[PDB]
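Notes follow the structure.
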2 protein chains.
Amino acid sequence: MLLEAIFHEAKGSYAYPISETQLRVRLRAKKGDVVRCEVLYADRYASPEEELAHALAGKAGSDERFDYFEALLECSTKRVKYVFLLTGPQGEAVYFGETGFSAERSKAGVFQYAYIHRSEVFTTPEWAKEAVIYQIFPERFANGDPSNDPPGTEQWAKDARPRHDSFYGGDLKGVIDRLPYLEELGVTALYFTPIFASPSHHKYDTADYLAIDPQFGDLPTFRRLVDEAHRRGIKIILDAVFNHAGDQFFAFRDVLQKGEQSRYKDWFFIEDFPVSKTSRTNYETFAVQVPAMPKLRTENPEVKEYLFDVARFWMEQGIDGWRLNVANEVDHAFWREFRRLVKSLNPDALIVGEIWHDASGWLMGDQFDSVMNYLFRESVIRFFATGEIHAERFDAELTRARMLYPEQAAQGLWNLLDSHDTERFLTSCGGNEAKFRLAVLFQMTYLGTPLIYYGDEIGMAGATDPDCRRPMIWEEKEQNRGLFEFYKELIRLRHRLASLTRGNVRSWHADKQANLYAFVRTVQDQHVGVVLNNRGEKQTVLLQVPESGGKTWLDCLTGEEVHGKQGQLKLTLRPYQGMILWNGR
Amino acid sequence: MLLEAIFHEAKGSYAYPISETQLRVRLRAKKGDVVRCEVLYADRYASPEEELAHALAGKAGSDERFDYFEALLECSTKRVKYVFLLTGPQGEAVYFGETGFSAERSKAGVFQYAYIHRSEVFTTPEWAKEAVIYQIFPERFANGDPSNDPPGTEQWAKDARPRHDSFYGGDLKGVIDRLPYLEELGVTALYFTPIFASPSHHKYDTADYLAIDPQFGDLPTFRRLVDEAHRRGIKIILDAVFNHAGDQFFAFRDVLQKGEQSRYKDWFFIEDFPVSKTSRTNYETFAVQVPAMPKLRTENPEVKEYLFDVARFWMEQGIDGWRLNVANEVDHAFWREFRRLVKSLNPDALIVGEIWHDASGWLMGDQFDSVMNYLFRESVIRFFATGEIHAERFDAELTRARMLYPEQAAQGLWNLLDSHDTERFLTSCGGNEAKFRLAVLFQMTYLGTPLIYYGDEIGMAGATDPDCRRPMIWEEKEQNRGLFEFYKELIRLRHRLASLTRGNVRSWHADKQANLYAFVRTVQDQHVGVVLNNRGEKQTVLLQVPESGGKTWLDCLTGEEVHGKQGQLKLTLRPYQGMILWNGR
Ligand SMILES: OC[C@H]1O[C@H](O[C@H]2[C@H](O)[C@@H](O)[C@@H](O[C@H]3[C@H](O)[C@@H](O)[C@@H](O[C@H]4[C@H](O)[C@@H](O)[C@@H](O[C@H]5[C@H](O)[C@@H](O)[C@@H](O[C@H]6[C@H](O)[C@@H](O)[C@H](O)O[C@@H]6CO)O[C@@H]5CO)O[C@@H]4CO)O[C@@H]3CO)O[C@@H]2CO)[C@H](O)[C@@H](O)[C@@H]1O
Ligand SMILES: OC[C@H]1O[C@H](O[C@H]2[C@H](O)[C@@H](O)[C@@H](O[C@H]3[C@H](O)[C@@H](O)[C@@H](O[C@H]4[C@H](O)[C@@H](O)[C@@H](O[C@H]5[C@H](O)[C@@H](O)[C@@H](O[C@H]6[C@H](O)[C@@H](O)[C@H](O)O[C@@H]6CO)O[C@@H]5CO)O[C@@H]4CO)O[C@@H]3CO)O[C@@H]2CO)[C@H](O)[C@@H](O)[C@@H]1O
Ligand SMILES: [Ca+2]
Ligand SMILES: [Ca+2]
């Protein structure tokens, strides 16, 4: 075996508790190098002559180059020291501990997980595990009150082609009027892009954090929305824009006016005074030269105090969580304290960070509960949309991503197909509905929480910002109702099958030539196998009956009954068809 | 190129800032696999049309299986995305990024270090880097006041054999009396084990955190000690026992008397009432069944404020830092807040955690400045004391350990040979002074902060606790004055050669056959090469002139001049001899 390929660390995503007395440990090795991985462990103060406890680590996954083994250690003392015993195909064995590798156990040393503090066990809101999120970009969802429309509003039509400065009149009253639709779809939570006072259509350049934007409504209307959504079983998630403010933010205007004499100058990153001349900003902003968005110095206790108050105010209005804008450019201390504040006010309030890359640094349990899973989007884009990768590469990317974070984070990642910052997924699929649907079926059955971008469910299309922000299509005749009913069925099944929301996930089959991919979701005695024929050709495949699942399966999408023949299942898939096989338990 | 052996993560010790605009990045590959490692980077919002910046990563080290490449990225924007370009021996070129490996750069993706916040740049007290610490176990150092001696105090003699419950009368007045001695040795800081009220001789079972133990003195005496040490250029570090209290601690006494009625019952981990009764404890304690040490629930905000108050009190007395007892069993939040409290009170107060294993989780910059480096001791024991490993594995263990933490931590790690919890190092060497001295020579020249265990400098020996806590030997005739003078010279040298305190470290030469180990310390134009002949036979060797060090060298220990012919130095080392070759700059 290739020892240079073996990896483990007593922290992060390779060692973490799932309870106050149980520790999950993972180990990585070159694919095929290790057939048996066992963990020998004991209390960190156990005597030299005490027997070590044993825990066998099953193979939890494999990507292109590695195998990932996982075990559960029962640590009643909450203190554990442990070593791995790795066995190869030829029976060659070796111990792997903190000191290194050795045939002699004592020489390998022991990894140590010092202490398991209850306060450090990653815990997330129970409801977030089985939620189906629907993203609403207010200015474009529904114009329920044209009397608050901004001047110059354009026509709310299917042929609308938004500009960076277009307005259509979307508002909160509209959202309220359309709740019956959202409820019928099966949505359980709504994520809103900024809704606080701001001059733009997107409103990421905040003028006033404590006020609902006039064109969207007022506090009484917001409160009504929260109540109407809640009694319909729908939660509310707001967009927290704490990385930067708008240039109309009071503190910033003060600096613009008083400059060096401003009591708020240290609330930002001003390069020199006066504050500006044009787009040539002499102050740090979001991205590059974005005059309307001066970066906030969240490291300043005054700024942190202010934003924390903003958070308190809105949570008082009854919201259920936050979506953190550009979360990765706000300091960690801020986020650790934010989590403490939020959870103290509402233990069930969800915290989702908006980060597009590897977000492990914010997903260990003391900061966010989840993140906008763009890694998931990329793999889904490449596999179902552009066809840039095949099923085996898809399986690998998913597996590698799953191993990036502790299971508590993975279980609730917001798996989106697109957002208000990307082209519509149907457009990514070049308008191919068959491909789009397969992606959706995957999104609705995979490990994580699905996030639906408004309109995708009724066939909307579009290029990237601002063309992805076109007015919602409400005209029944202009909506893809077949797709809508498709979504409804998938969402109902998700709520219907426990393994789909709370089950683990394991690869079942991945064939690069047939481009068929299958995985199994498991919890308790229930097993649900999802098979995706990601090819424009009808195919048949023989899959091994999933580990301890039973001999009778039912494709919940068709009512088709399939029996295990000599430990196998014969499946015939039409082009781009997906099956959701329930083992009946 | 074995891709399965290549590793990098955009955080931890593989990617971290050394300043507000500079990110240090490290990458490891199978030893020999990569000949050139380059980093191509840019601002995270740079246009796809902009050209990437270039940074060549030199080989910063190599262990038994890997090569470690290190580079410095200039990030004026404080936001960076990057990809590695690795070239094999044959000229093979592969790109490595967050997405994976590929001959095509774009397909490799890019790692991202979202933002560099000034508050997250690991910063340590400037003085700690060039310090030489002396550890004082007060009950056994010096009895300056015989009137405060504990009951049954035993004879202060060289033939003393301490028992777990012995007392010899050591106190703070004695330390004050021996300051001229400590100053002569050249020590710059004193690390004291517990000195607060406690009934034991070690005092890790705290009765009163706010009072000097009567056997050791009183507050005024402590203050005088602080002042007398300070005026002699000696700082003071106290032992903070925050993981557990003594069973005579006021809060615990209360729980013992009032039980479930006690307002302090949640300050501990009580399983049932009434509490205690012999060694069969019904409450969690340090280690296993240690009735005198009930664990403190530092997660409890009341417990945390009390301890923080304890820390504020002693810092008001003028101390310079803390040594955190069993730091790995106290929660991370407590430690993050502790650091902010401490640093706000005294920016130069040092925080050293007592952790015996990989302490990377506490050394990223938001918790401890350093730790008692027991990993260093293990390597030193195996190589110099037991001879269990040869020069090449020694070099490997050292390099591997060095790569475990960011450079800010490594530079000030407390490198000890032994402690009040281990057998004396001389005893580890089986009484061999030649091996002992070579280890000390290594300790005084290697990267990190040397920690001297009281008595080792004058030849004390002893088995592990309690035998390693023998009363100090003060009678000159019973002291190894030759050793003492050796220590003095090495300490002076360390203070005189900037590279020994502020320089980096790189392997120079390691040969298992001759068991010769050499490394070089470098800062600016100063290069100091250390050659250790760890064998009991006179030997001669040839070493390539230290990279860009120059051609004139001087062994500071003897005054011997070495010129080096054709880029090589000819060295003749006596048995267990060591050389400290200064390049003259
Ligand atoms: O010409 C300037 C610009 O102006 C307008 O943009 C404004 C926008 O309309 C408005 O809504 C707002 O934008 C906010 C946005 O809505 C929020 O969701 C958020 O979005 C920003 C992200 O938070 C931020 O991280 C970044 O995103 C970049 C990723 O970080 C980066 O990783 C990369 O993504 C790639 C991944 O790295 C890779 O792993 C994966 O495979 O591929 C990804 C790319 O496909 O690149 C991302 C894009 O830079 O920027 C996001 C903003 O776009 O915060 C925003 C700010 O509040 O304000 C905007 C500024 O005024 C126009 O609409 C826009 O077209 C125009 O470019
Ligand atoms: O039966 C009674 C008991 O009495 C004595 O113990 C008491 C001791 O005399 C007294 O001073 C005090 O002890 C404290 C000690 O002085 C402090 O420094 C500290 O020490 C404890 C450590 O903090 C704690 O982590 C642990 O140490 C363990 C290491 O974590 C663990 O890694 C492992 O160490 C190995 C290293 O990893 C490796 O690098 C090296 O090569 O080999 C090591 C050996 O395995 O094991 C360590 C031992 O478990 O315990 C330390 C305590 O010894 O905190 C202490 C508590 O405040 O109180 C003691 C209890 O009353 C005797 O000394 C003891 O033998 C006897 O059993
Ligand atoms: Ca309107
Ligand atoms: Ca005394």
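Please note that chains go A, B, ... in the order of the structure tokens, that every chain numbers its residues from 1, and that ligands are numbered from 1 in the order shown.
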**Message:** Could you list, as a PyMOL selection string, all residues that come within 8 Å of ligand 1? Count only C-alpha atoms and all ligand atoms.
**Reply:** (chain A and resi 164+193+202-205+241+244+286-287+290+292-293+325-328+354-358+374-375+378+419-422+464-466) or (chain B and resi 44-45+98-99+109-110+112+114)
Would you kindly report the residues of chain A within 9 Å of chain B, using only C-alpha atoms, as a PDB file with C-alpha atoms, in the first residue's frame?
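Printed below is iface.pdb as written:
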```pdb
ATOM      1  CA  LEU A   2       0.940   3.604  -0.713  1.00  0.00           C
ATOM      2  CA  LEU A   3       1.467   5.132   2.738  1.00  0.00           C
ATOM      3  CA  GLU A   4       1.977   8.579   1.180  1.00  0.00           C
ATOM      4  CA  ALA A   5      -1.676   8.435   0.147  1.00  0.00           C
ATOM      5  CA  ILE A   6      -3.069   7.682   3.601  1.00  0.00           C
ATOM      6  CA  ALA A  10      -7.916  14.353  14.733  1.00  0.00           C
ATOM      7  CA  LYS A  11     -10.118  17.310  13.812  1.00  0.00           C
ATOM      8  CA  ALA A  29      -6.199   5.859   1.460  1.00  0.00           C
ATOM      9  CA  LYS A  30      -5.316   5.146  -2.164  1.00  0.00           C
ATOM     10  CA  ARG A  44      -6.911   8.979  27.062  1.00  0.00           C
ATOM     11  CA  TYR A  45      -5.953   7.995  30.623  1.00  0.00           C
ATOM     12  CA  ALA A  46      -6.397   4.239  30.299  1.00  0.00           C
ATOM     13  CA  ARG A  65      -8.062   8.334  -6.388  1.00  0.00           C
ATOM     14  CA  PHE A  66      -9.189   7.437  -2.876  1.00  0.00           C
ATOM     15  CA  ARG A  79     -11.787  11.516  25.958  1.00  0.00           C
ATOM     16  CA  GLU A  98      -0.076  10.245  15.260  1.00  0.00           C
ATOM     17  CA  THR A  99       3.576   9.185  15.347  1.00  0.00           C
ATOM     18  CA  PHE A 111      -4.224  10.128  17.546  1.00  0.00           C
ATOM     19  CA  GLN A 112      -5.949  11.980  20.364  1.00  0.00           C
ATOM     20  CA  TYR A 113      -9.305  13.743  20.467  1.00  0.00           C
ATOM     21  CA  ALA A 114      -8.636  15.514  23.780  1.00  0.00           C
ATOM     22  CA  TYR A 115     -12.180  16.178  24.977  1.00  0.00           C
ATOM     23  CA  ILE A 116     -15.748  16.202  23.638  1.00  0.00           C
ATOM     24  CA  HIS A 117     -17.513  19.316  24.917  1.00  0.00           C
ATOM     25  CA  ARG A 118     -21.297  19.324  24.632  1.00  0.00           C
ATOM     26  CA  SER A 119     -21.087  22.943  23.464  1.00  0.00           C
ATOM     27  CA  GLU A 120     -18.888  21.800  20.570  1.00  0.00           C
ATOM     28  CA  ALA A 287     -15.629  43.339  -5.517  1.00  0.00           C
ATOM     29  CA  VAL A 288     -13.694  45.924  -7.550  1.00  0.00           C
ATOM     30  CA  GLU A 299     -13.945  43.689  13.043  1.00  0.00           C
ATOM     31  CA  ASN A 328     -16.449  34.541   3.514  1.00  0.00           C
ATOM     32  CA  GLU A 329     -15.270  38.157   3.587  1.00  0.00           C
ATOM     33  CA  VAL A 330     -16.580  38.865   7.101  1.00  0.00           C
ATOM     34  CA  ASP A 331     -14.286  37.708   9.946  1.00  0.00           C
ATOM     35  CA  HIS A 332     -14.705  34.426  11.822  1.00  0.00           C
ATOM     36  CA  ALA A 333     -14.992  36.027  15.262  1.00  0.00           C
ATOM     37  CA  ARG A 336     -18.931  32.774  15.996  1.00  0.00           C
ATOM     38  CA  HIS A 357     -16.012  27.453  -2.816  1.00  0.00           C
ATOM     39  CA  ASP A 358     -14.848  24.955  -0.172  1.00  0.00           C
ATOM     40  CA  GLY A 361     -13.568  26.694   7.479  1.00  0.00           C
ATOM     41  CA  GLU A 397     -16.909  14.854  -7.350  1.00  0.00           C
TER      42      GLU A 397
END
```
Distance limit 7 Å, reference ligand 3, atoms considered: only C-alpha atoms and all ligand atoms. Which residues make the cut? Give them as a PDB file with N, CA, C and O atoms, in the first residue's frame.
```pdb
ATOM      1  N   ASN A 143     -46.165  41.605  -8.399  1.00  0.00           N
ATOM      2  CA  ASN A 143     -46.535  42.985  -8.118  1.00  0.00           C
ATOM      3  C   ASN A 143     -47.953  42.949  -7.567  1.00  0.00           C
ATOM      4  O   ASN A 143     -48.922  42.962  -8.327  1.00  0.00           O
ATOM      5  N   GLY A 144     -48.076  42.880  -6.248  1.00  0.00           N
ATOM      6  CA  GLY A 144     -49.393  42.827  -5.646  1.00  0.00           C
ATOM      7  C   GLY A 144     -49.995  44.200  -5.415  1.00  0.00           C
ATOM      8  O   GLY A 144     -51.197  44.327  -5.202  1.00  0.00           O
ATOM      9  N   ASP A 145     -49.159  45.229  -5.461  1.00  0.00           N
ATOM     10  CA  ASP A 145     -49.611  46.595  -5.235  1.00  0.00           C
ATOM     11  C   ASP A 145     -48.872  47.562  -6.147  1.00  0.00           C
ATOM     12  O   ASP A 145     -47.781  48.025  -5.821  1.00  0.00           O
ATOM     13  N   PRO A 146     -49.460  47.884  -7.307  1.00  0.00           N
ATOM     14  CA  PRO A 146     -48.820  48.810  -8.248  1.00  0.00           C
ATOM     15  C   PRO A 146     -48.691  50.247  -7.739  1.00  0.00           C
ATOM     16  O   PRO A 146     -47.980  51.057  -8.333  1.00  0.00           O
ATOM     17  N   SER A 147     -49.360  50.563  -6.635  1.00  0.00           N
ATOM     18  CA  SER A 147     -49.290  51.915  -6.091  1.00  0.00           C
ATOM     19  C   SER A 147     -47.925  52.233  -5.467  1.00  0.00           C
ATOM     20  O   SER A 147     -47.598  53.401  -5.249  1.00  0.00           O
ATOM     21  N   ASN A 148     -47.126  51.203  -5.183  1.00  0.00           N
ATOM     22  CA  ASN A 148     -45.801  51.422  -4.604  1.00  0.00           C
ATOM     23  C   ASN A 148     -44.706  51.197  -5.638  1.00  0.00           C
ATOM     24  O   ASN A 148     -43.515  51.293  -5.327  1.00  0.00           O
ATOM     25  N   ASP A 149     -45.110  50.891  -6.866  1.00  0.00           N
ATOM     26  CA  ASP A 149     -44.161  50.652  -7.943  1.00  0.00           C
ATOM     27  C   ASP A 149     -43.227  51.829  -8.135  1.00  0.00           C
ATOM     28  O   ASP A 149     -43.636  52.982  -8.029  1.00  0.00           O
ATOM     29  N   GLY A 169     -41.911  46.231 -10.414  1.00  0.00           N
ATOM     30  CA  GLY A 169     -42.930  46.416  -9.392  1.00  0.00           C
ATOM     31  C   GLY A 169     -43.173  45.310  -8.377  1.00  0.00           C
ATOM     32  O   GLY A 169     -44.144  45.379  -7.622  1.00  0.00           O
ATOM     33  N   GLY A 170     -42.308  44.297  -8.344  1.00  0.00           N
ATOM     34  CA  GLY A 170     -42.484  43.212  -7.389  1.00  0.00           C
ATOM     35  C   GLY A 170     -42.521  43.719  -5.959  1.00  0.00           C
ATOM     36  O   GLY A 170     -41.808  44.659  -5.611  1.00  0.00           O
ATOM     37  N   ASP A 171     -43.345  43.099  -5.120  1.00  0.00           N
ATOM     38  CA  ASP A 171     -43.459  43.535  -3.732  1.00  0.00           C
ATOM     39  C   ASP A 171     -43.905  42.421  -2.794  1.00  0.00           C
ATOM     40  O   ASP A 171     -44.211  41.315  -3.231  1.00  0.00           O
ATOM     41  N   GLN A 215     -40.796  50.461  -1.865  1.00  0.00           N
ATOM     42  CA  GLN A 215     -41.390  49.840  -3.043  1.00  0.00           C
ATOM     43  C   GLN A 215     -41.812  48.393  -2.781  1.00  0.00           C
ATOM     44  O   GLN A 215     -42.580  47.815  -3.554  1.00  0.00           O
ATOM     45  N   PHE A 216     -41.324  47.807  -1.687  1.00  0.00           N
ATOM     46  CA  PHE A 216     -41.698  46.434  -1.343  1.00  0.00           C
ATOM     47  C   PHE A 216     -42.861  46.420  -0.348  1.00  0.00           C
ATOM     48  O   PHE A 216     -43.657  45.480  -0.327  1.00  0.00           O
TER      49      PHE A 216
END
```
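Between atom CA of residue A:498 and atom CA of residue A:576 the interatomic distance comes to 25.2 Å.
The closest residue to residue B:87, picked from B:309, B:38, B:489, B:456 and counting only C-alpha atoms, is B:38.
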**Prompt:** What lies within 6 Å of residue A:468 using only C-alpha atoms, ignoring chain neighbours under 6 positions off, as a ChimeraX atom specification?
**Reply:** /A:420,423-424,462
**strand (DSSP E) positions in stretch 327-570 of chain B, given as a PyMOL selection string** = chain B and resi 350-353+370-371+414-416+449-453+504-511+516-523+526-533+539-544+553-555+560-562+568-570
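Summary of the local environment: counting only C-alpha atoms, residues at most 10 Å from residue A:122, other than itself and those fewer than 3 positions away along its chain, are residues 16, 17, 18, 19, 118, 119, 363, 364, 365, 366, 367, 368, 369, 406, 407, 408 and 409 of chain A.
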Keeping only N, CA, C and O atoms, write the selected residues as a PDB file, in the first residue's frame.
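The resulting file, result-v4.pdb, is shown below:
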```pdb
ATOM      1  N   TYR A  16     -14.792  14.187  14.481  1.00  0.00           N
ATOM      2  CA  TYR A  16     -15.722  15.121  15.096  1.00  0.00           C
ATOM      3  C   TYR A  16     -16.815  14.331  15.789  1.00  0.00           C
ATOM      4  O   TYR A  16     -17.137  13.214  15.379  1.00  0.00           O
ATOM      5  N   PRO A  17     -17.404  14.894  16.853  1.00  0.00           N
ATOM      6  CA  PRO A  17     -18.465  14.182  17.568  1.00  0.00           C
ATOM      7  C   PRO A  17     -19.840  14.363  16.941  1.00  0.00           C
ATOM      8  O   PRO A  17     -20.098  15.365  16.276  1.00  0.00           O
ATOM      9  N   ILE A  18     -20.711  13.381  17.153  1.00  0.00           N
ATOM     10  CA  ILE A  18     -22.079  13.438  16.656  1.00  0.00           C
ATOM     11  C   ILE A  18     -22.990  13.453  17.881  1.00  0.00           C
ATOM     12  O   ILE A  18     -24.204  13.569  17.767  1.00  0.00           O
ATOM     13  N   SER A  19     -22.377  13.303  19.051  1.00  0.00           N
ATOM     14  CA  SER A  19     -23.079  13.328  20.332  1.00  0.00           C
ATOM     15  C   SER A  19     -21.997  13.629  21.353  1.00  0.00           C
ATOM     16  O   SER A  19     -20.836  13.793  20.983  1.00  0.00           O
ATOM     17  N   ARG A 118     -19.926  19.268  25.117  1.00  0.00           N
ATOM     18  CA  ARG A 118     -21.297  19.324  24.632  1.00  0.00           C
ATOM     19  C   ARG A 118     -21.482  20.561  23.756  1.00  0.00           C
ATOM     20  O   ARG A 118     -22.067  20.481  22.679  1.00  0.00           O
ATOM     21  N   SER A 119     -20.964  21.697  24.210  1.00  0.00           N
ATOM     22  CA  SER A 119     -21.087  22.943  23.464  1.00  0.00           C
ATOM     23  C   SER A 119     -20.411  22.901  22.095  1.00  0.00           C
ATOM     24  O   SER A 119     -20.643  23.782  21.264  1.00  0.00           O
ATOM     25  N   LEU A 363     -17.814  25.578   8.485  1.00  0.00           N
ATOM     26  CA  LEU A 363     -18.769  24.510   8.752  1.00  0.00           C
ATOM     27  C   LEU A 363     -18.338  23.444   9.751  1.00  0.00           C
ATOM     28  O   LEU A 363     -18.606  22.261   9.548  1.00  0.00           O
ATOM     29  N   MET A 364     -17.689  23.855  10.836  1.00  0.00           N
ATOM     30  CA  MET A 364     -17.267  22.892  11.842  1.00  0.00           C
ATOM     31  C   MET A 364     -18.220  22.869  13.039  1.00  0.00           C
ATOM     32  O   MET A 364     -18.062  22.056  13.956  1.00  0.00           O
ATOM     33  N   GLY A 365     -19.210  23.756  13.031  1.00  0.00           N
ATOM     34  CA  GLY A 365     -20.182  23.767  14.112  1.00  0.00           C
ATOM     35  C   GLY A 365     -20.323  25.037  14.930  1.00  0.00           C
ATOM     36  O   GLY A 365     -21.341  25.230  15.594  1.00  0.00           O
ATOM     37  N   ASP A 366     -19.324  25.909  14.891  1.00  0.00           N
ATOM     38  CA  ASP A 366     -19.388  27.135  15.666  1.00  0.00           C
ATOM     39  C   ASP A 366     -19.729  28.377  14.841  1.00  0.00           C
ATOM     40  O   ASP A 366     -19.681  29.495  15.347  1.00  0.00           O
ATOM     41  N   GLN A 367     -20.077  28.188  13.572  1.00  0.00           N
ATOM     42  CA  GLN A 367     -20.418  29.332  12.739  1.00  0.00           C
ATOM     43  C   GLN A 367     -21.718  29.114  11.972  1.00  0.00           C
ATOM     44  O   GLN A 367     -22.794  29.366  12.519  1.00  0.00           O
ATOM     45  N   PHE A 368     -21.652  28.629  10.735  1.00  0.00           N
ATOM     46  CA  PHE A 368     -22.889  28.419   9.978  1.00  0.00           C
ATOM     47  C   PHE A 368     -23.439  27.013  10.132  1.00  0.00           C
ATOM     48  O   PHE A 368     -22.718  26.090  10.514  1.00  0.00           O
ATOM     49  N   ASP A 369     -24.727  26.859   9.839  1.00  0.00           N
ATOM     50  CA  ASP A 369     -25.366  25.551   9.886  1.00  0.00           C
ATOM     51  C   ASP A 369     -25.210  24.943   8.502  1.00  0.00           C
ATOM     52  O   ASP A 369     -25.172  23.723   8.348  1.00  0.00           O
ATOM     53  N   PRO A 406     -18.336  17.898   8.045  1.00  0.00           N
ATOM     54  CA  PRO A 406     -18.911  16.966   9.011  1.00  0.00           C
ATOM     55  C   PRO A 406     -20.308  16.648   8.485  1.00  0.00           C
ATOM     56  O   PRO A 406     -20.926  17.480   7.822  1.00  0.00           O
ATOM     57  N   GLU A 407     -20.808  15.463   8.794  1.00  0.00           N
ATOM     58  CA  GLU A 407     -22.123  15.048   8.339  1.00  0.00           C
ATOM     59  C   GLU A 407     -23.254  16.022   8.678  1.00  0.00           C
ATOM     60  O   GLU A 407     -24.227  16.110   7.934  1.00  0.00           O
ATOM     61  N   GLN A 408     -23.150  16.739   9.795  1.00  0.00           N
ATOM     62  CA  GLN A 408     -24.219  17.662  10.174  1.00  0.00           C
ATOM     63  C   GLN A 408     -24.368  18.792   9.177  1.00  0.00           C
ATOM     64  O   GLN A 408     -25.476  19.289   8.958  1.00  0.00           O
ATOM     65  N   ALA A 409     -23.252  19.205   8.586  1.00  0.00           N
ATOM     66  CA  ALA A 409     -23.270  20.262   7.587  1.00  0.00           C
ATOM     67  C   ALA A 409     -23.771  19.681   6.256  1.00  0.00           C
ATOM     68  O   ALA A 409     -24.704  20.210   5.645  1.00  0.00           O
TER      69      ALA A 409
END
```
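Taking atom CA of residue B:276 and atom CA of residue B:264 as endpoints, the distance between them is 15.2 Å.
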